[PDB]
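**Q** First the structure, which I've put down as structure tokens, then a few questions once you've had a look.
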Amino acid sequence: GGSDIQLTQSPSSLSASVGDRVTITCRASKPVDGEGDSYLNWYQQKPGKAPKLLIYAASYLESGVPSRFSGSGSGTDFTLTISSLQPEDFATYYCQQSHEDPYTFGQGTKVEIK
Amino acid sequence: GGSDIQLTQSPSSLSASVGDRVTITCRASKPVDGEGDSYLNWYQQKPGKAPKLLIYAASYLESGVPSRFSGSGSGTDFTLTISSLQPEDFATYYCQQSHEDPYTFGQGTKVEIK
Amino acid sequence: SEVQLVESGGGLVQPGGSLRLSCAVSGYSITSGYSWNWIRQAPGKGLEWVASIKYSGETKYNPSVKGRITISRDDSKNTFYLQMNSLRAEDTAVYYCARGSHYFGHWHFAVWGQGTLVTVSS
Amino acid sequence: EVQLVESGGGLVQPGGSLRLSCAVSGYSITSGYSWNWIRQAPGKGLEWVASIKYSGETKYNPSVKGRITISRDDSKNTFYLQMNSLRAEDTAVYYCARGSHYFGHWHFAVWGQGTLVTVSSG
Amino acid sequence: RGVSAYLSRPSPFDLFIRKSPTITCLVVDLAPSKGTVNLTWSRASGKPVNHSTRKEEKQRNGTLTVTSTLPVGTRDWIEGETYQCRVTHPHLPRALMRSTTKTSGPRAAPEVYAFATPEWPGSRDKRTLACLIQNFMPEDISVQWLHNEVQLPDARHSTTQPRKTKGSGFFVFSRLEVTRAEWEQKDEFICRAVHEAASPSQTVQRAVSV
Amino acid sequence: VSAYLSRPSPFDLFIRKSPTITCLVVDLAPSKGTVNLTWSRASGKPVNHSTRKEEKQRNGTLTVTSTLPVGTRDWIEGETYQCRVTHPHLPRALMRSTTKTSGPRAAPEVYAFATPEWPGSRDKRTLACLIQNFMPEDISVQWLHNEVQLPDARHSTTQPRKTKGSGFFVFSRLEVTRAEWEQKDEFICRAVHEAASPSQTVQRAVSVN
Ligand SMILES: *[C@@H]1O[C@H](CO)[C@@H](O[C@@H]2O[C@H](CO)[C@@H](O[C@@H]3O[C@H](CO[C@H]4O[C@H](CO)[C@@H](O)[C@H](O)[C@@H]4O)[C@@H](O)[C@H](O[C@H]4O[C@H](CO[C@H]5O[C@H](CO)[C@@H](O)[C@H](O)[C@@H]5O)[C@@H](O)[C@H](O)[C@@H]4O[C@H]4O[C@H](CO)[C@@H](O)[C@H](O)[C@@H]4O)[C@@H]3O)[C@H](O)[C@H]2NC(C)=O)[C@H](O)[C@H]1NC(C)=O
Ligand SMILES: *[C@@H]1O[C@H](CO)[C@@H](O[C@@H]2O[C@H](CO)[C@@H](O[C@@H]3O[C@H](CO[C@H]4O[C@H](CO)[C@@H](O)[C@H](O)[C@@H]4O)[C@@H](O)[C@H](O)[C@@H]3O)[C@H](O)[C@H]2NC(C)=O)[C@H](O)[C@H]1NC(C)=O
Ligand SMILES: *[C@@H]1O[C@H](CO)[C@@H](O)[C@H](O)[C@H]1NC(C)=O
């Protein structure tokens, strides 16, 4: 790494309830803005499955992904927000920058349902 | 007339050509604003003929007045703008405040087409 | 409804004499609405608002001429008048009558007359 | 829809070579999109390994470049990841994914289930 | 600077048939958090303005809608009076103003044509009726559907906004879906337009059957 | 500032087989510098030959449009096209995407009527067309006189509006001259809609008489 873009998430882990709002933060060592957009994507990976794309280019919802997921931010500060946590949202969440090669992922945020 | 609202225009006189942008300033001794509006009107008077109303309440165009005339301003500073001067715009232009009694006019701005 | 205003009664006037100007209105009834004004322009000077009579009968005068000027109307002739006394050289001017249209408590002169010339000579 | 299946995972000696193949059905790997290999080490974050565009361009992650090769076989609608000089750190689950395109940048919209590569002794 | 203001004229129906014309000042794109707007009326003549009713409505889209309806004189409006609406906003230093007057220009009576669609398979308990009203000016017009001498709700039918004709006149289309139960009671449906140029009574109408 | 991205017209898609989509930007201040407008395909396949048209407006707002031809098979296959608008005054760009709509399909019902003769217009006659109960809303409406299609300025067609049923409906109005109907007293109202079979065309003829 070193010259690679580092992606840091917080919190590392969190526990919540059904109906609650969850907020996840993704911080980049270098900005990922280009041409009025931010090339930061959000993935959901349930246990034992492969990841699934939720949001691409910071804030654009992937087709078929529920509207309660939303992405925001610019530069080096990005936030995934689940407005109403659900039982099937128990997963680890990854952010990934696709602005600069190589593409890197964050370390992950595990969301447990209480 | 110390209590009377004095209106000073500048320039007193100007010579320009067709197509020019003409700009006339009207300064008031007291503000003429009320209830989100400005009660400053603009009149056009060719020599020896009677005036015509161009704009009322600072920025509202009187019906039938060419769209090339436009008024702006607030408080004690107002501006008439002829965006593309025409041969028939050779006239003297007056501002008049109708905010406070007695109603007063400015001294006049002669617009000569050179 | 197009409105026309015609002044009459102008002329040469001796200093200290009296003046009666009349404005004949056609196409609109001066009792039905709007404010009706007399405005004068002295030679080489700005316009000055002299007097006004509202459609309902209220009258206002400019402090500069107040006390020697009266504005009146004659409903039957659909005409209003301007009467000035103790004329001076400063009174030499063209007198216009205008119909002021109403906007949120304030009046502007949307319709003007042709104007009539008053000359005073010592 | 599009389906992606990884194969070729298994026990591999340290310093050995690995051949991983991703069989694509429902879409032609020459018809569009970018085709990628992404690995996840046990209990660790995802690492993007290599990509082959539909038109044929290939990109490698500097962390593994020089000992990694990506190739495709149009007739079998399959693409491959060849790795030599394996190391214990190369131990991971390897996924193939199809990247959708946004104004010069790619995101992984479709994923396979992945195959496990274990490179270690003792 | 996202706020919008609109002033509507009296509908020709309200003007001549009901003989209780009103004009409405419509304000849109206002945030609920913003303080309530001051809305006032003014007449060009200086004569007073009647009491106006103010309605405020929340919307699905999050923007507040404010309307003020002002009754106007029948002879005042026809004679050429100019009414004016002013919006005062705390968040806006300048004020918005909108003005309305009887529209001036040539006059043309509306031509009225009414048609019935033939029955279509799977829509048998259904029938659709059409009306074309054209070559009238000015654009102010109202369209009503009457079934059995009793006028049908405005929500039953959809009518387009007046559009220009290749000539100088305007035209509108009105469409009404009628049930089998209605046309079996009485198979006559009336397309009525109200327009100032129509003579006499500012009414032209045509009847149509299924 | 507002941005709209339209789908291919059914006519260009099924008859001409040269579909294009248009990305429209409005209400942008004339003082503003030109807006940069770019395209992207979800597949990564190239986009090219987009045409850019600027036009001043009477309202005072500059209008910028960009049309991009698309493959008919690519479009029908499900490609996602995306339009991106960037402005120096705007902190971030606007993004619009378009794709072939999925849902129920209904062929359009077409009815053509001729207006009765009116006093003072002996040499003028108006023809009307009602197209309804079709979905999705995407539709094209043409007028053909004498087997040859009439210009688009000759007729006026409404926007698709919802019906009490599930379909949409449009009205088309065409003014025809007496000299035209005396040459041939037949006029054709044609709709192009993907659900129409075959060839995605439904039409009715009407005659003046
Ligand atoms: C400044 O002055 C200017 C100029 O006077 C004003 O400019 C226009 O402002 C409009 C404000 O929106 C806008 O024009 C249109 O906007 C609609 C909005 O669509 C939404 O809302 C409607 C509500 O009815 C709804 O139907 C939609 O589903 C959306 O929810 C757009 O659709 C329009 O784009 C379509 O229409 C145009 C025109 O088609 C009609 O008009 C032409 C004549 O211009 C006529 O030939 C035709 O017969 C139609 O009657 C088409 O060119 C587009 O391709 C779109 O057509 C639709 O339907 C097709 C069916 O075949 C599809 O293929 C396709 O998917 C498409 O959706 C239109 O943009 C603009 O912003 C602006 N410019 C124009 C040209 O109108 C402005 O208001 C004014 N502003 C101020 C502040 O002063
Ligand atoms: C949020 O909801 C708002 C609800 O008010 C939306 O506001 C819309 O704003 C548009 C302006 O772009 C309005 O369009 C107006 O429609 C009227 C129709 O009234 C009729 O009045 C007279 C007789 O009374 C008649 O002669 C006319 O022909 C009309 O048929 C027009 O008069 C206006 O000029 C203008 O076209 C909408 O009315 C208004 N919405 C509603 C539901 O009224 C706002 O757009 C929404 N925002 C978003 C982001 O969706
Ligand atoms: C404008 O768009 C073009 C499209 O090819 C792109 O190459 C260029 O970088 C854009 N302009 C700026 C200033 O980014």
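By convention in this document, the chains of the structure tokens carry letters A, B, ... by their order, each chain's residues are numbered from 1, and ligands are numbered from 1 in the order they are shown.
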Write out as a PyMOL selection string the set of residues from chain C that DSSP, computed on the backbone, places in strand (DSSP E or B).

**A** chain C and resi 4-8+11-13+19-26+35-41+47-54+59-61+69-74+79-84+93-103+106-112+116-120

**Q** Both chains have the same sequence, so superpose chain A on chain B over all Cα atoms paired in order and return it as a short mmCIF file (atom, residue, chain, number, x, y, z; two decimals) with N, CA and C atoms, in the first residue's frame.

**A**
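So the final result, stored in result_14.cif, reads:
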```cif
data_model
loop_
_atom_site.label_atom_id
_atom_site.label_comp_id
_atom_site.auth_asym_id
_atom_site.auth_seq_id
_atom_site.Cartn_x
_atom_site.Cartn_y
_atom_site.Cartn_z
N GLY A 1 -39.36 72.63 0.65
CA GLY A 1 -38.87 71.27 0.83
C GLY A 1 -38.31 71.01 2.22
N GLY A 2 -37.10 70.46 2.27
CA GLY A 2 -36.41 70.17 3.52
C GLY A 2 -36.87 68.87 4.15
N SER A 3 -38.13 68.86 4.60
CA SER A 3 -38.77 67.64 5.06
C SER A 3 -39.21 66.75 3.91
N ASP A 4 -39.30 67.30 2.70
CA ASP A 4 -39.64 66.53 1.52
C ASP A 4 -38.48 65.61 1.16
N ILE A 5 -38.81 64.51 0.49
CA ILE A 5 -37.81 63.58 -0.02
C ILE A 5 -37.15 64.18 -1.26
N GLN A 6 -35.82 64.35 -1.21
CA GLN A 6 -35.09 64.86 -2.36
C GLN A 6 -34.64 63.68 -3.23
N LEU A 7 -34.86 63.80 -4.53
CA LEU A 7 -34.45 62.80 -5.51
C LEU A 7 -33.37 63.40 -6.41
N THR A 8 -32.21 62.76 -6.42
CA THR A 8 -31.06 63.19 -7.21
C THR A 8 -30.71 62.13 -8.24
N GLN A 9 -30.52 62.55 -9.49
CA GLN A 9 -30.16 61.65 -10.57
C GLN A 9 -28.73 61.88 -11.05
N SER A 10 -28.13 60.82 -11.58
CA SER A 10 -26.85 60.91 -12.28
C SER A 10 -26.80 59.79 -13.31
N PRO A 11 -26.19 60.06 -14.47
CA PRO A 11 -25.61 61.39 -14.68
C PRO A 11 -26.68 62.41 -15.01
N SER A 12 -26.32 63.69 -14.96
CA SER A 12 -27.26 64.74 -15.34
C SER A 12 -27.62 64.63 -16.82
N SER A 13 -26.62 64.39 -17.66
CA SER A 13 -26.76 64.32 -19.11
C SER A 13 -25.78 63.27 -19.63
N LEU A 14 -26.16 62.59 -20.72
CA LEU A 14 -25.27 61.61 -21.33
C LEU A 14 -25.61 61.41 -22.80
N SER A 15 -24.59 61.08 -23.60
CA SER A 15 -24.70 60.83 -25.03
C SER A 15 -24.34 59.38 -25.32
N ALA A 16 -25.14 58.70 -26.15
CA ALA A 16 -24.92 57.29 -26.46
C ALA A 16 -25.30 57.01 -27.91
N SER A 17 -25.15 55.74 -28.30
CA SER A 17 -25.44 55.25 -29.64
C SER A 17 -26.56 54.22 -29.63
N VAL A 18 -27.14 53.99 -30.80
CA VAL A 18 -28.13 52.93 -30.94
C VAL A 18 -27.45 51.59 -30.68
N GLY A 19 -28.13 50.74 -29.92
CA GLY A 19 -27.61 49.45 -29.53
C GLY A 19 -26.86 49.43 -28.20
N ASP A 20 -26.38 50.58 -27.73
CA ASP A 20 -25.63 50.65 -26.49
C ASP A 20 -26.55 50.48 -25.28
N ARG A 21 -25.94 50.17 -24.14
CA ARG A 21 -26.62 50.14 -22.85
C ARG A 21 -26.45 51.46 -22.11
N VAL A 22 -27.55 51.98 -21.56
CA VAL A 22 -27.57 53.20 -20.76
C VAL A 22 -28.01 52.86 -19.35
N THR A 23 -27.39 53.52 -18.37
CA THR A 23 -27.66 53.32 -16.95
C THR A 23 -27.86 54.67 -16.29
N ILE A 24 -28.99 54.84 -15.59
CA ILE A 24 -29.30 56.07 -14.87
C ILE A 24 -29.54 55.75 -13.40
N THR A 25 -28.98 56.58 -12.52
CA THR A 25 -29.01 56.40 -11.08
C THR A 25 -29.92 57.45 -10.43
N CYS A 26 -30.70 57.02 -9.42
CA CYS A 26 -31.60 57.90 -8.67
C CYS A 26 -31.37 57.70 -7.17
N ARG A 27 -30.91 58.75 -6.49
CA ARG A 27 -30.59 58.70 -5.06
C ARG A 27 -31.59 59.52 -4.26
N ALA A 28 -32.15 58.94 -3.19
CA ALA A 28 -33.15 59.59 -2.35
C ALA A 28 -32.57 59.98 -1.00
N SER A 29 -32.97 61.15 -0.50
CA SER A 29 -32.51 61.59 0.83
C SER A 29 -33.05 60.71 1.94
N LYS A 30 -34.24 60.14 1.77
CA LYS A 30 -34.78 59.18 2.72
C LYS A 30 -35.20 57.92 1.99
N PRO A 31 -35.12 56.76 2.65
CA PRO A 31 -35.58 55.52 2.02
C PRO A 31 -37.06 55.56 1.67
N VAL A 32 -37.40 54.89 0.56
CA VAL A 32 -38.75 54.81 0.03
C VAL A 32 -39.23 53.36 0.01
N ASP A 33 -38.67 52.52 0.90
CA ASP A 33 -39.07 51.13 1.02
C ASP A 33 -40.28 51.02 1.94
N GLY A 34 -41.21 50.15 1.58
CA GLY A 34 -42.32 49.83 2.46
C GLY A 34 -42.94 48.48 2.14
N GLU A 35 -43.08 47.61 3.13
CA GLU A 35 -43.78 46.33 2.95
C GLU A 35 -43.13 45.46 1.86
N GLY A 36 -41.80 45.44 1.82
CA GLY A 36 -41.08 44.60 0.88
C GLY A 36 -41.01 45.12 -0.54
N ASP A 37 -41.37 46.38 -0.75
CA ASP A 37 -41.37 47.03 -2.05
C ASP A 37 -40.75 48.42 -1.94
N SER A 38 -40.40 48.99 -3.09
CA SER A 38 -39.85 50.33 -3.17
C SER A 38 -40.73 51.16 -4.09
N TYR A 39 -41.21 52.29 -3.59
CA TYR A 39 -42.20 53.07 -4.32
C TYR A 39 -41.50 54.20 -5.07
N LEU A 40 -40.71 53.75 -6.04
CA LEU A 40 -39.94 54.61 -6.93
C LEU A 40 -40.33 54.32 -8.38
N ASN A 41 -40.75 55.36 -9.10
CA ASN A 41 -41.26 55.21 -10.46
C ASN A 41 -40.33 55.92 -11.43
N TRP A 42 -40.36 55.48 -12.69
CA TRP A 42 -39.52 56.04 -13.74
C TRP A 42 -40.38 56.55 -14.88
N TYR A 43 -40.12 57.77 -15.34
CA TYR A 43 -40.88 58.37 -16.44
C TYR A 43 -39.97 58.79 -17.58
N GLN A 44 -40.51 58.73 -18.80
CA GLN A 44 -39.83 59.17 -20.01
C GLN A 44 -40.60 60.33 -20.61
N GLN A 45 -39.92 61.44 -20.85
CA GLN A 45 -40.58 62.63 -21.40
C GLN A 45 -39.83 63.10 -22.65
N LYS A 46 -40.39 62.81 -23.82
CA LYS A 46 -39.79 63.27 -25.06
C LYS A 46 -40.03 64.77 -25.22
N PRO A 47 -39.28 65.41 -26.11
CA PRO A 47 -39.38 66.87 -26.23
C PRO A 47 -40.78 67.32 -26.63
N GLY A 48 -41.31 68.28 -25.87
CA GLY A 48 -42.61 68.84 -26.18
C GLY A 48 -43.80 67.99 -25.84
N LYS A 49 -43.61 66.76 -25.38
CA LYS A 49 -44.71 65.92 -24.95
C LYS A 49 -44.76 65.89 -23.43
N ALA A 50 -45.85 65.34 -22.91
CA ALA A 50 -45.94 65.13 -21.49
C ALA A 50 -45.24 63.83 -21.14
N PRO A 51 -44.82 63.67 -19.89
CA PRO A 51 -44.14 62.43 -19.50
C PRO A 51 -44.95 61.17 -19.82
N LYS A 52 -44.28 60.03 -19.77
CA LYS A 52 -44.88 58.71 -19.96
C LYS A 52 -44.30 57.78 -18.91
N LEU A 53 -45.16 56.96 -18.31
CA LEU A 53 -44.74 56.03 -17.27
C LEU A 53 -44.09 54.79 -17.89
N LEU A 54 -42.93 54.42 -17.36
CA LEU A 54 -42.19 53.23 -17.79
C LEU A 54 -42.23 52.13 -16.75
N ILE A 55 -41.85 52.45 -15.52
CA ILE A 55 -41.69 51.48 -14.44
C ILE A 55 -42.32 52.09 -13.20
N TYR A 56 -43.07 51.28 -12.46
CA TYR A 56 -43.65 51.71 -11.19
C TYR A 56 -43.22 50.75 -10.09
N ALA A 57 -43.13 51.26 -8.87
CA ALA A 57 -42.70 50.45 -7.72
C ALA A 57 -41.33 49.82 -7.95
N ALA A 58 -40.39 50.64 -8.45
CA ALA A 58 -38.96 50.34 -8.58
C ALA A 58 -38.64 49.51 -9.82
N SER A 59 -39.39 48.42 -10.03
CA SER A 59 -39.01 47.40 -10.99
C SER A 59 -40.16 46.82 -11.81
N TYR A 60 -41.37 47.32 -11.67
CA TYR A 60 -42.50 46.74 -12.39
C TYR A 60 -42.75 47.53 -13.67
N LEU A 61 -42.75 46.82 -14.79
CA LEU A 61 -42.87 47.45 -16.09
C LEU A 61 -44.32 47.85 -16.33
N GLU A 62 -44.52 49.07 -16.81
CA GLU A 62 -45.87 49.50 -17.16
C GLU A 62 -46.32 48.81 -18.44
N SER A 63 -47.61 48.51 -18.52
CA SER A 63 -48.13 47.81 -19.69
C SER A 63 -47.81 48.57 -20.97
N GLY A 64 -47.31 47.85 -21.96
CA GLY A 64 -46.98 48.43 -23.24
C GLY A 64 -45.60 49.05 -23.31
N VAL A 65 -44.89 49.14 -22.20
CA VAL A 65 -43.53 49.69 -22.20
C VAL A 65 -42.55 48.59 -22.63
N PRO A 66 -41.65 48.85 -23.58
CA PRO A 66 -40.77 47.79 -24.09
C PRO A 66 -39.93 47.15 -23.00
N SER A 67 -39.66 45.86 -23.17
CA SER A 67 -38.93 45.08 -22.17
C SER A 67 -37.48 45.50 -22.00
N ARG A 68 -36.91 46.28 -22.92
CA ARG A 68 -35.53 46.73 -22.75
C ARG A 68 -35.37 47.73 -21.61
N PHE A 69 -36.46 48.30 -21.09
CA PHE A 69 -36.41 49.13 -19.89
C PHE A 69 -36.59 48.25 -18.66
N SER A 70 -35.78 48.51 -17.63
CA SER A 70 -35.89 47.73 -16.41
C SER A 70 -35.41 48.59 -15.25
N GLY A 71 -36.07 48.44 -14.11
CA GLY A 71 -35.72 49.18 -12.92
C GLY A 71 -35.31 48.24 -11.81
N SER A 72 -34.42 48.73 -10.95
CA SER A 72 -33.89 47.93 -9.86
C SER A 72 -33.44 48.87 -8.76
N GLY A 73 -33.17 48.28 -7.60
CA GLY A 73 -32.70 49.02 -6.45
C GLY A 73 -33.68 48.95 -5.30
N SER A 74 -33.21 49.48 -4.17
CA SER A 74 -33.98 49.49 -2.93
C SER A 74 -33.43 50.59 -2.03
N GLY A 75 -34.25 50.98 -1.05
CA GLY A 75 -33.83 51.97 -0.08
C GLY A 75 -33.67 53.35 -0.68
N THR A 76 -32.42 53.76 -0.93
CA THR A 76 -32.15 55.10 -1.45
C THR A 76 -31.37 55.07 -2.76
N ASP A 77 -31.24 53.91 -3.39
CA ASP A 77 -30.39 53.72 -4.57
C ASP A 77 -31.19 52.96 -5.62
N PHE A 78 -31.52 53.64 -6.71
CA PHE A 78 -32.33 53.04 -7.76
C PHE A 78 -31.69 53.32 -9.10
N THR A 79 -31.90 52.40 -10.03
CA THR A 79 -31.20 52.43 -11.31
C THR A 79 -32.17 52.05 -12.41
N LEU A 80 -32.30 52.92 -13.41
CA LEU A 80 -32.99 52.59 -14.65
C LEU A 80 -31.96 52.16 -15.69
N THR A 81 -32.26 51.06 -16.38
CA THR A 81 -31.33 50.50 -17.35
C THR A 81 -32.04 50.23 -18.66
N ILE A 82 -31.58 50.88 -19.71
CA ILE A 82 -32.02 50.64 -21.08
C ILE A 82 -30.97 49.74 -21.71
N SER A 83 -31.36 48.49 -22.00
CA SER A 83 -30.39 47.49 -22.43
C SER A 83 -29.81 47.82 -23.81
N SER A 84 -30.64 48.36 -24.71
CA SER A 84 -30.23 48.67 -26.09
C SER A 84 -30.87 49.98 -26.54
N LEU A 85 -30.13 51.08 -26.41
CA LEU A 85 -30.68 52.41 -26.68
C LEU A 85 -31.18 52.50 -28.12
N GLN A 86 -32.28 53.22 -28.31
CA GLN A 86 -32.93 53.37 -29.60
C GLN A 86 -33.11 54.84 -29.95
N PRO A 87 -33.37 55.15 -31.23
CA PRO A 87 -33.51 56.56 -31.62
C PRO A 87 -34.66 57.24 -30.92
N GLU A 88 -35.76 56.52 -30.70
CA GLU A 88 -36.93 57.07 -30.01
C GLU A 88 -36.73 57.16 -28.51
N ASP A 89 -35.60 56.68 -27.98
CA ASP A 89 -35.29 56.83 -26.58
C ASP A 89 -34.54 58.13 -26.27
N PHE A 90 -34.34 59.00 -27.26
CA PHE A 90 -33.84 60.35 -27.00
C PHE A 90 -34.89 61.11 -26.20
N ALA A 91 -34.62 61.31 -24.92
CA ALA A 91 -35.60 61.90 -24.03
C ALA A 91 -34.89 62.29 -22.74
N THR A 92 -35.60 63.04 -21.91
CA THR A 92 -35.19 63.24 -20.53
C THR A 92 -35.93 62.23 -19.66
N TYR A 93 -35.24 61.65 -18.69
CA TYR A 93 -35.81 60.62 -17.83
C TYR A 93 -35.90 61.12 -16.39
N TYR A 94 -37.06 60.90 -15.77
CA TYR A 94 -37.32 61.35 -14.41
C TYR A 94 -37.63 60.14 -13.55
N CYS A 95 -37.11 60.15 -12.32
CA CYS A 95 -37.55 59.23 -11.28
C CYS A 95 -38.45 59.99 -10.32
N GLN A 96 -39.38 59.28 -9.71
CA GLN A 96 -40.31 59.91 -8.79
C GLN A 96 -40.64 58.95 -7.66
N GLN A 97 -40.57 59.44 -6.42
CA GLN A 97 -40.91 58.63 -5.26
C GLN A 97 -42.36 58.88 -4.89
N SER A 98 -43.09 57.81 -4.62
CA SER A 98 -44.48 57.89 -4.22
C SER A 98 -44.67 57.18 -2.88
N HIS A 99 -43.69 57.34 -2.00
CA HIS A 99 -43.70 56.70 -0.69
C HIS A 99 -44.22 57.60 0.42
N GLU A 100 -44.06 58.90 0.26
CA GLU A 100 -44.20 59.88 1.31
C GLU A 100 -44.72 61.14 0.66
N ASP A 101 -45.64 61.83 1.34
CA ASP A 101 -46.20 63.06 0.80
C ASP A 101 -45.39 64.27 1.26
N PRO A 102 -45.14 65.22 0.34
CA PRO A 102 -45.58 65.13 -1.06
C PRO A 102 -44.67 64.33 -2.00
N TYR A 103 -45.29 63.78 -3.05
CA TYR A 103 -44.54 63.11 -4.10
C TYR A 103 -43.62 64.10 -4.79
N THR A 104 -42.37 63.71 -4.98
CA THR A 104 -41.37 64.59 -5.56
C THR A 104 -40.74 63.89 -6.75
N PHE A 105 -40.21 64.69 -7.67
CA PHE A 105 -39.51 64.18 -8.83
C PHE A 105 -38.01 64.45 -8.71
N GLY A 106 -37.25 63.72 -9.47
CA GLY A 106 -35.86 64.08 -9.65
C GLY A 106 -35.71 65.23 -10.63
N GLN A 107 -34.47 65.68 -10.79
CA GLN A 107 -34.23 66.83 -11.65
C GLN A 107 -34.24 66.47 -13.13
N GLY A 108 -33.99 65.21 -13.47
CA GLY A 108 -34.01 64.75 -14.84
C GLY A 108 -32.64 64.39 -15.39
N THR A 109 -32.63 63.42 -16.31
CA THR A 109 -31.44 62.94 -17.03
C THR A 109 -31.73 62.98 -18.52
N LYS A 110 -31.07 63.87 -19.25
CA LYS A 110 -31.25 63.96 -20.70
C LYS A 110 -30.39 62.90 -21.38
N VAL A 111 -31.00 62.08 -22.23
CA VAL A 111 -30.29 61.05 -22.99
C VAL A 111 -30.29 61.44 -24.47
N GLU A 112 -29.12 61.83 -24.97
CA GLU A 112 -28.92 62.17 -26.37
C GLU A 112 -28.32 60.98 -27.12
N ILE A 113 -28.74 60.79 -28.36
CA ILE A 113 -28.29 59.70 -29.21
C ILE A 113 -27.23 60.22 -30.19
N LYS A 114 -26.02 59.64 -30.13
CA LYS A 114 -24.87 60.10 -30.93
C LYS A 114 -24.82 59.47 -32.32
#
```

**Q** E:180, E:206, E:51, E:163: which is nearest ligand 1, counting only C-alpha atoms and all ligand atoms?

**A** E:163

**Q** Just the residues within 12 Å of residue 94 (chain C), please, counting only C-alpha atoms, with nothing from its chain fewer than 3 positions along; format it as a PyMOL selection string.

**A** (chain B and resi 48-51) or (chain C and resi 7-12+21+38-50+90-91+97+113-120)

**Q** Would you mind telling me which residue in D:54, D:79, D:95, D:37 lies nearest to residue 23 (chain D) when using only C-alpha atoms?

**A**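 Comparing D:54, D:79, D:95, D:37 against residue 23 (chain D), the winner is D:79.
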
**Q** Give as a compact mmCIF listing (two decimals) with C-alpha atoms, in the first residue's frame the residues surrounding ligand 2 up to a distance of 10 Å, considering only C-alpha atoms and all ligand atoms.

**A**
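What ended up in out.txt:
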```
# COMPACT_ATOMS: atom_id res chain seq x y z
CA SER E 4 -43.37 30.53 -6.97
CA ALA E 5 -46.51 32.69 -7.25
CA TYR E 6 -49.55 32.42 -9.57
CA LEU E 7 -52.69 34.54 -10.10
CA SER E 8 -55.62 32.88 -11.86
CA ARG E 9 -58.48 34.63 -13.62
CA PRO E 10 -62.17 34.01 -12.87
CA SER E 11 -63.44 30.86 -14.53
CA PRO E 12 -65.98 31.77 -17.25
CA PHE E 13 -68.54 29.57 -15.50
CA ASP E 14 -68.18 31.53 -12.26
CA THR E 22 -63.23 34.89 -7.97
CA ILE E 23 -59.49 35.12 -8.56
CA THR E 24 -56.90 33.04 -6.72
CA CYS E 25 -53.32 33.86 -5.70
CA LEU E 26 -51.33 30.61 -5.44
CA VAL E 27 -47.96 30.32 -3.65
CA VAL E 28 -45.74 27.22 -3.87
CA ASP E 29 -42.29 25.87 -2.92
CA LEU E 30 -42.41 27.28 0.63
CA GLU E 56 -52.79 26.21 3.58
CA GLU E 57 -52.06 22.61 2.61
CA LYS E 58 -49.23 20.18 3.32
CA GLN E 59 -48.17 18.15 0.29
CA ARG E 60 -46.63 14.77 -0.42
CA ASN E 61 -43.53 16.57 -1.65
CA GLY E 62 -42.69 18.58 1.48
CA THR E 63 -43.45 22.04 0.03
CA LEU E 64 -46.18 24.19 1.58
CA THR E 65 -48.97 25.48 -0.69
CA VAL E 66 -50.82 28.72 0.17
CA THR E 67 -53.82 30.11 -1.74
CA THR E 69 -59.31 33.49 -3.07
CA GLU E 139 -58.29 31.24 -23.95
CA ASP E 140 -60.53 31.54 -20.86
CA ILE E 141 -63.03 28.68 -21.10
CA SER E 142 -64.80 26.19 -18.84
CA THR E 159 -59.74 18.47 -19.86
CA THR E 160 -56.55 19.79 -21.44
CA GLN E 161 -55.22 23.29 -21.12
CA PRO E 162 -56.02 25.62 -24.03
```

**Q** Can I get the residues close to ligand 3 as a list in words, where close means within 7 Å and we count only C-alpha atoms and all ligand atoms?

**A** residues 35 of chain A; 36, 37 and 38 of chain F

**Q** Neighbouring residues of ligand 1 are defined here as those with any atom at most 9 Å from a ligand atom, counting only C-alpha atoms and all ligand atoms; list them as a VMD selection string.

**A** chain F and resid 1 to 11 21 to 27 56 to 63 137 to 141 152 to 153 155 to 161 172

**Q** When DSSP works through the backbone of this structure, what residues of chain E end up as helix (DSSP H, G or I), shown as a list in words?

**A** residues 12, 13, 14, 15, 16, 17, 74, 75, 76, 77, 78, 79, 154, 155, 156, 180, 181, 182, 183, 184 and 185 of chain E

**Q** Enumerate as a CSV table (one decimal) with C-alpha atoms, in the first residue's frame the residues belonging to chain F that approach chain D to within 8 Å, with only C-alpha atoms taken into account.

**A**
```
chain,number,residue,atom,x,y,z
F,39,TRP,CA,-22.8,10.2,-21.2
F,40,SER,CA,-22.1,6.7,-19.7
F,41,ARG,CA,-23.3,3.2,-20.3
F,42,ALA,CA,-23.7,0.6,-17.5
F,43,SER,CA,-22.1,-2.0,-19.9
F,44,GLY,CA,-19.0,0.1,-20.4
F,45,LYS,CA,-19.6,0.1,-24.2
```
